[PDB]
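Trainee: You'll find entry24.csv just under this line, and it carries CSV, C-alpha atoms.
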chain,number,residue,atom,x,y,z
A,5,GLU,CA,-0.2,-11.5,-49.2
A,6,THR,CA,0.9,-7.9,-48.6
A,7,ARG,CA,-0.5,-6.1,-45.6
A,8,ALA,CA,-2.1,-3.2,-47.5
A,9,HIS,CA,-3.9,-5.6,-49.7
A,10,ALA,CA,-5.5,-7.4,-46.7
A,11,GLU,CA,-6.3,-4.0,-45.2
A,12,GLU,CA,-8.1,-3.0,-48.4
A,13,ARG,CA,-10.0,-6.2,-48.4
A,14,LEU,CA,-11.1,-5.4,-44.8
A,15,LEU,CA,-12.2,-1.9,-45.8
A,16,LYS,CA,-14.1,-3.4,-48.8
A,17,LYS,CA,-16.0,-6.0,-46.8
A,18,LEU,CA,-16.7,-3.6,-43.9
A,19,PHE,CA,-18.6,-1.0,-45.9
A,20,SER,CA,-20.8,-3.5,-47.8
A,21,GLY,CA,-24.1,-2.9,-46.1
A,22,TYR,CA,-23.4,-0.2,-43.5
A,23,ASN,CA,-25.5,2.9,-43.1
A,24,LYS,CA,-24.5,6.1,-41.4
A,25,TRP,CA,-27.6,7.6,-39.8
A,26,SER,CA,-28.7,4.3,-38.4
A,27,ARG,CA,-27.9,4.6,-34.7
A,28,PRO,CA,-25.8,1.4,-34.2
A,29,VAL,CA,-27.4,-0.4,-31.2
A,30,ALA,CA,-28.3,-4.1,-30.8
A,31,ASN,CA,-31.8,-3.7,-29.2
A,32,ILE,CA,-33.8,-0.5,-29.3
A,33,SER,CA,-33.9,-0.3,-25.5
A,34,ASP,CA,-30.1,-0.6,-25.3
A,35,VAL,CA,-28.0,2.6,-25.0
A,36,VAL,CA,-24.6,3.8,-26.1
A,37,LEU,CA,-21.8,5.2,-24.0
A,38,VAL,CA,-19.7,8.2,-25.2
A,39,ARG,CA,-16.5,8.7,-23.2
A,40,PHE,CA,-15.8,12.4,-23.4
A,41,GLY,CA,-12.7,14.5,-22.7
A,42,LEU,CA,-11.1,17.8,-23.4
A,43,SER,CA,-7.5,19.1,-23.8
A,44,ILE,CA,-6.7,22.8,-23.8
A,45,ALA,CA,-4.2,23.4,-26.5
A,46,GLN,CA,-3.8,27.1,-25.8
A,47,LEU,CA,-5.9,29.9,-24.3
A,48,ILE,CA,-6.2,32.3,-27.2
A,49,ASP,CA,-7.9,35.3,-25.6
B,2,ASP,CA,-30.9,-3.3,-37.2
B,3,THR,CA,-34.5,-2.5,-38.0
B,4,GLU,CA,-33.7,1.2,-37.8
B,5,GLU,CA,-31.3,0.8,-40.8
B,6,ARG,CA,-34.0,-0.9,-42.9
B,7,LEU,CA,-36.5,1.7,-41.9
B,8,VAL,CA,-34.1,4.5,-43.1
B,9,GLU,CA,-33.4,2.6,-46.3
B,10,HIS,CA,-37.1,2.3,-46.9
B,11,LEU,CA,-37.8,6.0,-46.2
B,12,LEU,CA,-34.7,7.5,-47.8
B,13,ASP,CA,-35.0,5.8,-51.2
B,14,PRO,CA,-34.0,8.2,-54.0
B,15,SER,CA,-36.1,6.2,-56.4
B,16,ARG,CA,-39.1,6.3,-54.1
B,17,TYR,CA,-38.6,9.5,-52.2
B,18,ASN,CA,-37.6,12.9,-53.6
B,19,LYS,CA,-36.3,16.0,-52.0
B,20,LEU,CA,-36.8,18.9,-54.4
B,21,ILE,CA,-40.6,18.6,-54.5
B,22,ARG,CA,-42.7,19.6,-51.5
B,23,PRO,CA,-45.7,17.5,-50.3
B,24,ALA,CA,-49.2,18.4,-51.2
B,25,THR,CA,-52.5,16.6,-51.8
B,26,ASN,CA,-56.0,17.3,-53.0
B,27,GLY,CA,-55.4,20.0,-55.6
B,28,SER,CA,-52.2,21.7,-54.2
B,29,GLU,CA,-53.4,22.3,-50.6
B,30,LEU,CA,-51.3,24.6,-48.5
B,31,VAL,CA,-48.9,22.9,-46.0
B,32,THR,CA,-49.1,24.6,-42.7
B,33,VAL,CA,-45.7,25.3,-41.2
B,34,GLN,CA,-45.8,26.2,-37.5
B,35,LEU,CA,-42.7,28.1,-36.4
B,36,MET,CA,-41.8,29.7,-33.1
B,37,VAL,CA,-38.7,31.3,-31.8
B,38,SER,CA,-36.8,30.9,-28.5
B,39,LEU,CA,-34.3,33.5,-27.4
B,40,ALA,CA,-31.1,32.0,-25.8
B,41,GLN,CA,-29.2,35.2,-24.9
B,42,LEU,CA,-28.9,38.6,-26.5
B,43,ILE,CA,-25.1,38.5,-26.8
B,44,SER,CA,-24.4,42.0,-28.0
B,45,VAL,CA,-25.8,45.2,-29.6
B,46,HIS,CA,-23.2,47.0,-31.7
B,47,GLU,CA,-25.3,50.2,-31.6
B,48,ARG,CA,-22.8,52.0,-33.8
B,49,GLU,CA,-23.3,49.6,-36.7
B,50,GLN,CA,-27.0,49.0,-36.0
B,51,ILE,CA,-26.4,45.3,-35.6
B,52,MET,CA,-28.0,43.0,-32.9
B,53,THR,CA,-26.4,39.6,-32.3
B,54,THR,CA,-28.7,36.9,-30.8
B,55,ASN,CA,-28.6,33.2,-30.2
B,56,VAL,CA,-31.9,31.7,-31.5
B,57,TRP,CA,-33.6,28.3,-31.3
B,58,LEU,CA,-36.3,28.3,-33.9
B,59,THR,CA,-38.7,25.3,-33.9
B,60,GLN,CA,-40.6,24.3,-37.0
B,61,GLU,CA,-43.5,21.7,-37.3
B,62,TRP,CA,-45.1,20.5,-40.5
B,63,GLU,CA,-47.2,17.6,-41.8
B,64,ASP,CA,-45.7,15.4,-44.5
B,65,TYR,CA,-47.5,12.3,-45.9
B,66,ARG,CA,-45.0,10.4,-48.1
B,67,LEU,CA,-42.8,9.7,-45.1
B,68,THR,CA,-45.3,7.6,-43.1
B,69,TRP,CA,-44.8,3.9,-42.4
B,70,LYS,CA,-46.7,1.1,-40.7
B,71,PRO,CA,-45.4,1.3,-37.0
B,72,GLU,CA,-46.6,-2.2,-36.2
B,73,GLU,CA,-44.3,-4.0,-38.6
B,74,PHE,CA,-41.1,-2.3,-37.3
B,75,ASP,CA,-41.1,-3.6,-33.7
B,76,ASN,CA,-43.6,-0.8,-32.8
B,77,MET,CA,-41.2,2.1,-33.2
B,78,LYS,CA,-42.6,5.6,-32.7
B,79,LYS,CA,-40.0,8.2,-33.6
B,80,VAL,CA,-37.0,8.2,-35.9
B,81,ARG,CA,-34.1,10.6,-36.3
B,82,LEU,CA,-33.1,11.8,-39.8
B,83,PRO,CA,-30.6,14.1,-41.4
B,84,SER,CA,-31.8,17.5,-42.6
B,85,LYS,CA,-29.9,17.6,-45.9
B,86,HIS,CA,-31.9,14.7,-47.3
B,87,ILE,CA,-35.5,15.2,-46.3
B,88,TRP,CA,-37.3,18.3,-47.7
B,89,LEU,CA,-37.5,21.4,-45.5
B,90,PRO,CA,-39.4,24.6,-45.9
B,91,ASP,CA,-36.8,27.4,-46.0
B,92,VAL,CA,-37.3,30.0,-43.3
B,93,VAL,CA,-34.7,32.8,-43.1
B,94,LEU,CA,-34.3,36.5,-42.1
B,95,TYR,CA,-34.7,39.3,-44.5
B,96,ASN,CA,-33.3,42.3,-42.5
B,97,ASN,CA,-30.2,40.2,-41.9
B,98,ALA,CA,-26.9,41.8,-42.6
B,99,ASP,CA,-23.5,40.1,-42.9
B,100,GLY,CA,-24.7,38.0,-45.9
B,101,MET,CA,-25.3,35.0,-43.6
B,102,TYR,CA,-28.9,33.8,-44.1
B,103,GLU,CA,-29.5,30.1,-43.3
B,104,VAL,CA,-29.0,28.3,-40.0
B,105,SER,CA,-25.6,27.0,-38.9
B,106,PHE,CA,-25.9,23.5,-37.7
B,107,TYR,CA,-28.5,21.6,-39.9
B,108,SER,CA,-29.6,19.3,-37.0
B,109,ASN,CA,-31.2,16.0,-37.2
B,110,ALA,CA,-35.0,16.0,-37.3
B,111,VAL,CA,-37.6,13.9,-35.4
B,112,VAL,CA,-40.2,12.0,-37.5
B,113,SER,CA,-43.2,10.2,-36.0
B,114,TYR,CA,-45.2,7.5,-37.7
B,115,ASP,CA,-48.1,9.8,-38.3
B,116,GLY,CA,-46.0,12.0,-40.7
As C-alpha cells, what does this structure read like?

Mentor:
Amino acid sequence: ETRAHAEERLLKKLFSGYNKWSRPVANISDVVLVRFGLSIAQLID
Amino acid sequence: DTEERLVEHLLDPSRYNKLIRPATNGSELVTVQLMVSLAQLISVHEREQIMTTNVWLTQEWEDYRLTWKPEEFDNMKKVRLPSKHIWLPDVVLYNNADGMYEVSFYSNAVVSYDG
C-alpha cells in the first residue's frame, strides 16, 4: 500500500513488452511531434 | 506496432548473429561501396602537420540474412536499425593521428526489404 511499491509495480508492468528502436507511432503514415527548445547556461568562449 | 515485431524478428540473437559477416556460394566477396563527402575543412595546423575535416562517409553493402517478406508486414519498404547490433564492415583511416580511429556518432542505418 506504500507509494513506492505501487510505483515499482507500474515500472514493472510498463517495461513488459516494450522495445526501444521501434519508432512509437500508431499508424505508419502518422507522424511524431518534437517540441524543441534551447537555454544558454553560459557563453564559454 | 508491426515495426516492433519486425525488429524482434530481425534482431533475434538466437537467429541473427553480429560477429560473423555474410557470404554465400563458397565465401564470395561482399562488395562494399563507400564514398566520402566533405563538409568543411575546419583547420590546417600546418606546424603539427594535422588537417581537421568534417566528413560524411556513405557505405552500401548487400546482406542476405536480413531480408523479410514485405507483403506480410503492411507493405513496409525501409526500416531503421541501430548500428551497434547489425554487422558492419569496419572502415577507418590509417594515417590518422590523435589515436582516434572510428566514427563518432554510430548512426542508425536504413535497411530495405531486398537486403

Trainee: Would you give me, as a list in words, the residues of chain A that come within 7 Å of chain B, using only C-alpha atoms?

Mentor: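 The contacting residues on chain A are residues 23, 25, 26 and 30 of chain A.
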
Trainee: Just how far from atom CA of residue 79 of chain B is atom CA of residue 28 of chain A, in Å to one decimal?

Mentor: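 If I compute the distance from atom CA of residue 28 of chain A to atom CA of residue 79 of chain B, I get 15.8 Å.
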
Trainee: Using all atoms listed in the file, which protein or nucleic acid residues come within 10 Å of residue 40 of chain B? Drop anything in the same chain fewer than 5 positions from it, and give the result as a list in words.

Mentor: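 Contacts, in chain order: residues 54, 55, 56 and 57 of chain B.
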
Trainee: Which residues, written as a list in words, have at least one atom at most 9 Å from segment 21-25 of chain B, with all atoms listed in the file counted and residues fewer than 3 positions away on the same chain left out?

Mentor: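 Skipping anything fewer than 3 positions along the chain leaves residues 18, 28, 29, 30, 31, 63, 64, 65, 66, 88, 89 and 90 of chain B.
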
Trainee: Find the distance between atom CA of residue 112 of chain B and atom CA of residue 39 of chain A and write it in Å to one decimal.

Mentor: 27.9 Å

Trainee: Excluding same-chain residues fewer than 6 positions from residue 52 of chain B, what lies within 10 Å of it counting all atoms listed in the file, as a list in words?

Mentor: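 In the requested form, the answer reads residues 42, 43, 44, 45, 46, 97 and 98 of chain B.
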
Trainee: Please compute the atom CA of residue 68 of chain B-atom CA of residue 103 of chain B distance, one decimal, in Å.

Mentor: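 Atom-to-atom, atom CA of residue 68 of chain B and atom CA of residue 103 of chain B are spaced 27.5 Å apart.
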